[PDB]
Structures are given as structure tokens and as C-alpha cells.
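> Curious how this folds, go ahead:
(7 chains)
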Amino acid sequence: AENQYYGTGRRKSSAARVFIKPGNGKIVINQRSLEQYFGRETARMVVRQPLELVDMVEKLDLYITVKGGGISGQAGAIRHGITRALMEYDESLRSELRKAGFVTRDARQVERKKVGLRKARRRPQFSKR
Amino acid sequence: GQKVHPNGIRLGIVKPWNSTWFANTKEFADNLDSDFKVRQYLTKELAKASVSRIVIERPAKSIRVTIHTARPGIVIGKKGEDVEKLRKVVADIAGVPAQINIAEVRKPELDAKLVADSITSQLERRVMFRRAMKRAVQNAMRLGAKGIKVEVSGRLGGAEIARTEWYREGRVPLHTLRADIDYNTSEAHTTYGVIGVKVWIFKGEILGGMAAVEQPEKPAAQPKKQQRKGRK
Amino acid sequence: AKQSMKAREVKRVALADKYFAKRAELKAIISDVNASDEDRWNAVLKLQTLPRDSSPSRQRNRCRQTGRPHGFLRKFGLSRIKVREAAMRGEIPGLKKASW
Amino acid sequence: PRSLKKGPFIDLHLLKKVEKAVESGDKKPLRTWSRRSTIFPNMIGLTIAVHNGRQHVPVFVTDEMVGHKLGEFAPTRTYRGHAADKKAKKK
Amino acid sequence: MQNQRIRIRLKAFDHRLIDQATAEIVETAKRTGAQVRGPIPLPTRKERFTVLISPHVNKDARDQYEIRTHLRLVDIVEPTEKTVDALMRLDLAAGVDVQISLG
Amino acid sequence: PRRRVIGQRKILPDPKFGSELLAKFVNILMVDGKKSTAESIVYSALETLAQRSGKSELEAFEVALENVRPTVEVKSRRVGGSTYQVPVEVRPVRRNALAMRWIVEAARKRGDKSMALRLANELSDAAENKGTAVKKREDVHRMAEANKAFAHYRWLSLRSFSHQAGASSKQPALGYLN
RNA sequence: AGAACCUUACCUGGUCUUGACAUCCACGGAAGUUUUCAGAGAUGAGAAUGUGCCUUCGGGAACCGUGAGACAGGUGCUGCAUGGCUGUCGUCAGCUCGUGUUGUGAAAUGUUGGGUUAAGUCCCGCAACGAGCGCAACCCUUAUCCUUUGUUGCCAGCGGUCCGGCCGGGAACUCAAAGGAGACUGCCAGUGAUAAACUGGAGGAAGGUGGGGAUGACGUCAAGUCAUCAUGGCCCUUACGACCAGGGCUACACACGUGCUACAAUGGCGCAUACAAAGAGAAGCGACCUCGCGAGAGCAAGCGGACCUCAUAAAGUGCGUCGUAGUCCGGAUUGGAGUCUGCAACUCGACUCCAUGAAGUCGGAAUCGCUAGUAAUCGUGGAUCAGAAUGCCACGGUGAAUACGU
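Numbers count the residues shown, from 1 in each chain, chains lettered A, B, ... in the order given. Coordinates below:
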């Protein structure tokens, strides 16, 4: 039992911290408004796509803090982060969101820049003759 | 001739360094050049003893030497005068006054460096060396361990080319990241120029001999562990 | 390389370090805008023939073990080739192979 | 163009030779190696023989050169013309 | 939040040595005093070096080295003169330097 | 060649509509790794398509993607002193990827003052089978209908199967001469 | 890995020879410090402080000059004379150690056949047997996830409250560095020669030795370093030594390897706007401060580092603006002043901005990397670092086509 239930929104090594509870459908993103953060952007439709799918736009209340990523990318991280937090309206919720893929952590991990190579795999370029 | 040198990749897990001190970044060169000076001059005075390792350690206001030998008494010399002259030139070399303790003596008759020293002497003295390396390998596997590699170089027999030869027997892993495995390359001179022996020896695939602590903080150490969670 | 050229490089570097710490705000005081119709005096700058060697512009250090120029590393007091030789032999505290 | 910032230069090499040469008004070409060094009012009417790395070249000091260095008049490098390569240095 | 009263810091190259010395301090501080905390791990530093691998040439192949430096904070809320005495008698570590100086 | 069977990456439906056909499209719309712009360039494009006909946003997109579609590719596999050509059937996944690739190559030269307008306009033409990638479909089909004459190293391969307790017919499997 | 001078292997100019520097010996001077002037500076002439150290009280040593020797010194030559060490093939999928047999023996065999793998992995099996190397693994690192600390970290709620972890205070929460949890083609299904193994199934972050890395056999290749560093042969030792300065490798005839950034409009510009990671900083950077067109400047709280700063992180986002005209892209060159790091900005270092103002519109021969956090693309810090990154190292942002076929 808790004041807000919580999802960690881990997507491509960026983290959306996301606190869910029952209310009237309200958003706070980065101690500010949606207008400020995602101003005139498709990014508002990213975070809404899973919330429209379980049909609870006007029912879920939220508080959102996020570090790392690109702005279009942060919205993408939140889109898993809200569904990580949702687990207890019903028991099956976290199963069916994982099955829709919005619990699922981005299983591709970084590759180091390698020594003697100009990138991660990119071996040098030489015409030398 | 491929592969990284065998002790340099093992230092982050279960193998010690040949030196361990701390100098707070800015002074790390001043400590390294002085640590290299103790290695170079100290072992040079004890040339006449027999030695497997040198382990250098720096607490506050002290340099403490650990030294590894074929037997406990070789480095002590008569009534402690020989080892006091050793602590004499360390205090002189280092920026602090000097300490020395002798380590545990362990597997000294098959040990990497006490074997390599032993092989280099044969060549030094222009002895025939017809079996000498093959018997090095044999005696080492007769005294302990699980595998050995010996590679011998220095113009074998008096050839006017480079001419190496080698022998490995039992299990000697090459890409291993776990356990200490003991390697030494000796350098020494003879009539036709410089010679050298490479001794890789492998005692076991697991050694526990340096690790991070066993436990999470709460079950380790102090009974009353709990934080206030405010209360400045 | 040669030992005369190494002997020279080593003599520049202890006076570089010696003089330049004490000159840290002196550059601003004797030379730049804080010396507005102030200092700029021939009578303190006829003293600079010993300090030609003691200059920050000669605080390139090079090797502490060998005195050899170019490719230096101040944190070991060694250079590329000579760090590796020592790292092989375990001489340097904390030094390991990287994997990640 | 690049300049000398804010600070004061008299050059150590020139200073002891120039004091004793202005007392003469002018004397014999001053064996000078300091081709890093600027020209100053104190030096107007002197003759500075400026080592270029192989030998000295005499530089006549006068008001139209005081914006300028002893190393700008005394050469180093060579420009290869390409009828046939160049033997000589150019002032 | 807290304001740092005094800074107790352990700085080391060896990852294992700092972990043994902090745990010892945490005990010493409880064995001679009443107001201790579990040692904050504090973030570890890493410096990056790349060097040649052959003595001469072989530019492609290179070699890459890490040196780790581990920092612990402990955060005793109040050190007893006895905590500082005990710490200083039972010191023996080499891979770490402990600073009881502040900054 | 090749020790074992290897898979492929999979595109996963886009965040504004829930379509794999949209998410594969924006991916081939990506220029210098800058996807958040190629996103705006797709969503504005899809809205311009809704002003041309409002019953669906994809109206011209879907039908361009049938009409400029390749069915065939040309490969070459030597017969002695000559190379020749042998036509091959493409899988739907590459059939599409070729079409989408020609559609954006065609959008980048229309010269109009924003790519959202260019891409809506090159789909509007390529939908009627009037645009730029009709030619690319026709040329690749003219070689594929013509070059049905030649086949892959027939004379020795046919024997290389007949002797290894294979059939009197060419076996489509690794490290055999086919 | 940061070649003005020092950086010097090169080259030119001054100058001495037990020699820059150590040990050992003889004579004079303490070494050290401070200071004018000739000479580039070495060096020389004079001034002033001191007369330490040990003591047959003679005299010596430390150090400096002078001299005798022993001797230092040398990127000085030789890579088919070497050692130390490392590159290639190549992640080939093979290679070797102990032993027996078969041949007269070189040598074979194993190390080869079929099926399969990342694999000497595994089913079957022959005079190859027994076993190791590569590979598999522990391994670091990432990733969820369990797990603890709870600050210089964090803040669902609560107090002071502009509702900012600033602080009273709080553990739901990432979050740091670390014990580690999980995954084994093991399971169950299909396939597959019985079989290894592949692919599906399912719970989970994840199925394919979970991502990534470490990782690379014996060793030919006559690979390459005497120049980190060791060293015989082998040369100078009034020097292939050494004090002191200026010049160069970054020239200029040109060709050529590499990368950056641009050639647009998916973009460039202005104004406005958002979130990083990781690490470095005491000769240094640095809030606020006042000054300047700007660059910068002078002053200065502060900074062992999740304490302060580097830092405005950019790409991305908003709005308006631009039309193939080298422009509304791109803005290079150079005169001139203002500025910087430095006793020196001229050939070999950094920037502003005034005046004027070009090449480049996707590039011929040539030419390379990639199976996925990869390729592609953007910015940041660090190693070096007086000045100077297009580079290197690594970090975090954004992130693709397809793998039918040999």
C-alpha cells in the first residue's frame, strides 16, 4: 500500500520516473506543464497511446521526473514508464502491458568504443600503397 | 608472436600487484619513480641471495617492503647486519623512513622465478644444456602445480641465428581472467650476447586471494546500522 | 635523443615549476592591464636571463626516469612504450586491462 | 594579423649590446642571434647583424621598420622556383 | 539535507583494500562511540589511457589501460576523540589512503 | 559458407498510430541519424494527404506502395567465359523496402519548400502510376522478362548433385555447386 | 598525443676538455644566497651576506673550478648476432604435449570420414590412445531484478514555503559500488541418422553459451624495434661528450592517406526551449563583481570532487524567416586595429571584429565499414596539455536497410 505506485521507464539507458494513482486524469511533467516541456509536439501523442489503449485518460493521475535522453526520446521512455507503474487496478495489468510490450526493457545494451578501431567496430580506413 | 603478457590482465581480480600505494593523483609519478628506484637498487644488493618476488606497500608515513625468498634466512644474513643494510638504502631511496618484513615462503622449488634463474645459470656458464630445459619441466611437475610452459631463447647451442625452443606439459590456460598464475621472464648475459627464459606456470584455475567484501552493508559490521531518515 | 639534450630538458623543468607558481597572479600584475601606468619597469626585467629557462613555456616536463622528449605521460612520469613495459610487470598501482 | 599582447619586452640579448652602442651613436654590425626580438625607438640608427642560422645579415634600423622584427628581415626558409630550383635566400 | 560537519574520506587504487578499511572504521566508530552510520559507497573514478602495443609501429593494434580510484565517505555524524585515536592505532592499509582532513 | 541460420531485426509499431507500415517508412526516412525530424516530416505529410482526401490519411501512400513495387531482381552467376544474368523472385519484405527507398529518393528532388509537401506530392503521383518510380519498376521488369534465357553454372553443377546421393535436380543448400 | 626558443635525432654559432653529473684523490674556494656591468649566453671583472660539515686541527669531504687515473657518457653502427616485446594470416578451425603402432625411413597416424557447433561441441567410428591449447568457462561490464548504504544521492507524502532537497524532515522513488539473482538447447514441441544442435513455446529485462567486452593456438612469415629498455660484436671518449642560444621536421613543385565541416531548405539563421552521462581541474579553473563592440579583462567567494567549476552539452523542440541567384547556404584568404598563452607570436600558436572578399552546387582514378546499440549522426569530457584537436580515448543523446543465395 502506497501514496503513489511507481514505474522506472527504463528505455535505451534513459529513465522516466513515473508515479501513478487514481484521480481525475491529471499530468505534472518535470515540476511543470505538458505545454512547456513537449510544446507544440507529436510527443504528447506518444505518452497518450498506451493510456488511450486501456481507456483511462480521464482516470489516471500522474507525477513525472526524468533524467537522460532526447526530448522526443523521453516521451518514448514515459510510454513504457506509465505502464511499469500501472500494476494494481487489476492483477493481470503488468502481464498484458508486457504482452503489448510497454513493460519490456530495451534489451540492446551499449558496445564500448574499441581500441585501435575508429568507432565501436569500424576498423580503420586506409588505401595505403 | 601474439598475446598480452600474462600477469598484466589478472590485476583487477584475484592477483595482487607487484606494488600497492596511494599518492592522491598529483604525486603518483613521484611515488612511481621512487618505487621503481627501490625495486632496481634493492634487489641489486641482494643479488647473492635467492628471491621469487618483491612486493612494495605504502602506509602513512612508512614504506613497508614484503620480500619473497627460497628460504627464510637467506635475506636476514648474519645477526641481522645484511637486512639492516637493506632497510638502510630503502630509507635513503624513499621520501619516508623504511620498514621490511619477510613473506611466506611458498612452493620455492618449482616457483616461476626460482626456476628461471636456475635455468639461466646453465647457459651463463657454457654448460652443454642437452636436457636441461626438459628436466626443468619435469622436476617442476614432480614438485607440484597442474601444468608448466618453458620457452628458452638466447641463440641455443651457439647458433649464429636467433633459434628458440619450447615445451609445455599438463594444463596451461593462455586467455585466463581467474586465479593467480605465476609468470617470469628472466634476462641474463652469456659469451654470445643476451639470453632469456620465459617460465609460465599454472597452479590452479581458482584462487580467492583478493576480493571485494562478502556481504551487503546491513549484515556486515556494526549492530546499530540504521539511519535517522532526517534528524540532522 | 642524446644525454646532453636530455640534461638540458631536465634543467628547464625544475625552474619552470619553481618560478611559475610564484608568478601565477604576477603575469596579471607586472604585464597585463593591472600594470596600467604601473610596473612595466626595465629595472625588474633586466633580471630575466636566469628565468629564460624557468619559464611556463618550458614546462613540458618530459620523462622523469629517462629525460627523453615527446609522447610523455605526466601521471606515470613515463611515456607510451615505457608505461606498457611496466604495466606488464605490475609496477604501477591500480593498472589493469579494460573490459566493459 | 597577430601581435605581442600587453606585457613589456626589451630582450636580454639586445639590452647590454644596445646600451653601449647608443653611447657610440652607432658602431660596428652587432653580432645578434635574437631574431625572435622586436625593434624599438632606443635602437633607431643602429646596425643589427642578424644570424639566420647559417650567418649574420646586417639590418639597418630606422623609423619605417619599428613595427617589425629582426626575424622578418633576416630569412630562414627557401622558396623553390620551378624553371630550376632556387640556390639563394631572398631579401 | 545534511551539511558536512567533518569529511572522513578513503581514497584508493585497489578496489578490495578500501572495502576492508571502511568496514573496519565503521566498527571502530561503534566500539568507541554511539553515533555512526553505514558507509556511503560514494562514486568511483576511472582514468583512460591508450598506448602502443608493439615497441615500434603497428598503428592499428594499439593497447588500452584503466586505472580505477575508489572513494568512500563513511559519514560518522559525530567522531569521538576515541574514534580518531582507534582508527589511527589500528591503521595498516596500503592500497588506500584515509583522509581525516577536510574540504 | 555460413555455419548456422541467422535471423533479422524487427520493426515495432510507431507511438502515434500503432503501425508497423508507418514505423518501417519513417526508418527509411531517416537522414544522418536525425529521426525526430523524419517523424515531423512523416506526420505533417500524413496530414496533407488528409486535406487531399479526408476519409483516410494513408490514401495515396498505400496505393503508391502497390504500384511502384518490384517483384523481380537480377543476380549473375558465371557460365565459363561469360557472366550472363539470372532473374530471382524477391521476398515481400525487400519488395516493399525497394518501393519505399525509390519513393524518398523521388521526394528529395521535387525541390518544393518543405519535405512534408514533397513526400505527400510524390506519393500522390506514384499512386496514380504517374510518378518517378514507375520507370524503376519497368526497367527491372524488362531485364527480368528478357534474361530468362540463362542459368547458374549448369554444366558441372548438375553432376555435383547427381553423385552425392542427391537427386537428378539442383539442390538449394550450402557449399554444394548449384 | 599536443616539434616558436626548451623540446635538437638535424643544422649553425660561441666554448672547454676526468669532461654536464656521481664515486674516488690533490689544491683553492663552503655549498647556498643576494647584485652591477662587458659578452647573446656560456663566460669574465667587481660588490655584499655566510665561513656550515669533519678534524692527527695538518687537512679533507659536500658542492664548485682545476688536474692524474680508474671511469662516466653515447636513439653510435649491426634486426639473417641477439634478448626483452609485439604484428600478420584469423576467431583459420584448426595446432601441439606424453606414448604406442605401421613403413627401411623421411614421416604418417591422432590433427582424417559422415552429421552438427562458437568449440578437439557432441552422436557414430577406423592404431590411434591419453590430455591440453584455440574455443568453451570462471571474468569485468550492461541489463532488468533481488539486495544493502542513505551523502557532497534521492524526495509518493508532510512542515517553513516564491513549493526550489534550500532547510524542519521523509524512504514510495531513481540513484551510487558492490554481493550477486537469471538462461542450461536444460525444459517442453518440431526438425536432425540415433545425436550434437537450430528454431518455436513460455515466464521474465532477456531466451539461444541473455547485450557488451576481455578474449586469439604451435608458429612459418627471414615481419619489425639495438630508438623504452637489455646486450656481445664495436667506434669516438680535446669525442658519435658537454654548457649556452637561435633555427627545422608544420618547408613547397607537387602527388597521396586520414578526418573534420560544408555544398542546404529533413536545412541554415535569429529570438525563445528541454533533459546528459562519465571524468578533470591548486603554476590551475572559477559564481558574483565592475570594465569591453566582442574576444577579453582585472578582482574574487570557492574547488579531494555526486561539496565549487569546467558546463550554455548539442543534436532535438518552438515560432517566424529564406528560394537555386554560390544565396537567405558556405563563409576561406589577407590588409588593419583590438585581444590572448608566453621576456619571443616572423617563418611552426589561439581569438575577436572592421574593410574587402573567393573556393565548394555531391566530386574522375581511387576508396572503406557494418548483422544491431552495429552502421549512421550530434555534442561532451579526459590522456597529452604554457599556446593550439581536424586526431586519439571513452562517455551520454538520436538510431537503419537486410541476411532469399554461395
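> from the middle of its chain, how far away would stretch D:48-67 be?
3 Å (CA atoms, centre = their mean, to the nearest Å).
> Would you mark the buried spots in that stretch?
D:48, D:49, D:50, D:52, D:56, D:57, D:59, D:61, D:65 (16 or more other CB atoms under 10 Å in any protein chain shown). C-beta coordinates here come from the backbone N, C-alpha and C atoms, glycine included.
> Closest one of those residues to RNA strand G?
residue D:52 (7.1 Å; CB to the nearest atom of the strand).
> I'd assumed residue D:77 was in contact with the closest one.
No: look at residue D:52 against residue D:77 with CB atoms under 8 Å: they stay out of range, at 10.1 Å.
> How is chain B partitioned into domains?
B:16-106, B:107-206 (CATH domains of a matching chain).
> Among the buried residues of stretch D:48-67, name the ones in strands.
D:48, D:49, D:50, D:56, D:57, D:59 (DSSP state E).
> Reformat the residues you listed as CSV; add distance to chain B.
CSV is the format used below for these (distance: CB to the nearest CB, whole Å):
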residue, distance to chain B
D:48, 44
D:49, 45
D:50, 41
D:56, 44
D:57, 45
D:59, 46
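> As a markdown table, those with distance to residue F:67 would be great.
Shown next, in a markdown table, are these (distance: CB to CB, whole Å):
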| residue | distance to residue F:67 |
| --- | --- |
| D:48 | 85 |
| D:49 | 86 |
| D:50 | 81 |
| D:56 | 85 |
| D:57 | 81 |
| D:59 | 82 |
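> mind putting the buried residues of stretch D:48-67 in a markdown table, distance to chain F included?
Shown next, in a markdown table, are those (distance: CB to the nearest CB, whole Å):
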| residue | distance to chain F |
| --- | --- |
| D:48 | 58 |
| D:49 | 60 |
| D:50 | 54 |
| D:52 | 52 |
| D:56 | 59 |
| D:57 | 56 |
| D:59 | 56 |
| D:61 | 59 |
| D:65 | 54 |
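> contacting residues around residue 54?
Unless you meant another one, I'm taking chain A. residue A:86 (CB atoms under 8 Å, 6 or more residues apart in numbering or on different chains).
> um, chain C though
So residue C:54 contacts C:12, C:15, C:16, C:18, C:19, C:20 (CB under 8 Å, 6+ apart).
> ChimeraX command for the buried members of those residues?
Burial among the contacts of residue C:54 is assessed by 16+ other CB under 10 Å; the matching ChimeraX selection reads:
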select /C:12,15,16,19,20
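> And the strands in chain A?
Counting by DSSP E, the strands of chain A are A:5-7, A:15-22, A:60-67.
> As CSV, these with mean neighbour count would be great.
Converted to CSV, those look like this (neighbours: other CB atoms under 10 Å in any protein chain shown):
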stretch, mean neighbour count
strand A:5-7, 18
strand A:15-22, 20
strand A:60-67, 18
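> would you turn those into TSV with distance to chain D?
Below are the strands of chain A laid out as TSV (distance: least, CB to the nearest CB, whole Å):
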stretch	distance to chain D
strand A:5-7	58
strand A:15-22	49
strand A:60-67	44
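> how about the helices in chain E?
For chain E, the helices defined by DSSP state H occupy E:15-31, E:81-89.
> Out of those, which is the most enclosed?
helix E:15-31 (a mean of 21; mean count of other CB atoms under 10 Å in any protein chain shown).
> of all the domains of chain B, which lies closest to RNA strand G?
Across those (criterion: CB to the nearest atom of the strand), the nearest stretch is domain B:107-206, sitting at 2.8 Å.
> Now do the contacts for the residue positioned nearest the centre of chain A.
Nearest to the mean C-alpha position of chain A, by CA atoms, centre = their mean, lies residue A:77 at 1.6 Å. By CB under 8 Å, 6+ apart, the residues touching residue A:77 are A:9, A:10, A:11, A:12, A:14, A:15, A:16, A:66, A:69.
> how many other residues sit next to the second one?
By that I understand residue A:10. For residue A:10, the neighbour count with other CB atoms under 10 Å in any protein chain shown is 17.
> And the buried residues of stretch D:48-67, which is closest to chain A?
residue D:52 (38.5 Å; CB to the nearest CB).
> Can you give me the neighbour number for residue 32?
By default, I'm working from chain A. 10.
> Wait, chain F was what I had in mind.
Applying other CB under 10 Å, we find 7 other residues in the vicinity of residue F:32.
> name the element it belongs to?
Using DSSP states H and E, residue F:32 maps to neither a helix nor a strand.
> next one: residue B:149
strand B:147-153.
> Now do that strand: everything it contacts.
B:119, B:133, B:136-137, B:140-141, B:162-172, B:195-202.
> From the residues you listed, list just the buried residues.
Buried, going by 16+ other CB under 10 Å: B:119, B:133, B:136-137, B:140-141, B:172, B:195-202, out of the contacts of strand B:147-153.
> Between the two ends of stretch D:41-50, how far is it?
Taking CA to CA, to the nearest Å, stretch D:41-50 runs 18 Å from one end to the other.
> Can you give the contact residues for it?
D:14, D:18, D:21-22, D:25-26, D:28-32, D:35, D:56-63, D:66, D:70-71, D:73-74.
> Repeat that for stretch A:11-23.
A:3-9, A:59-69, A:73-74, A:76-82, A:84-86, A:105-106, A:108, A:110.
> now stretch C:13-23
With CB under 8 Å, 6+ apart, stretch C:13-23 has contacts from C:50, C:51, C:53, C:54, C:55, C:56, C:58, C:59, C:60, C:61, C:62.
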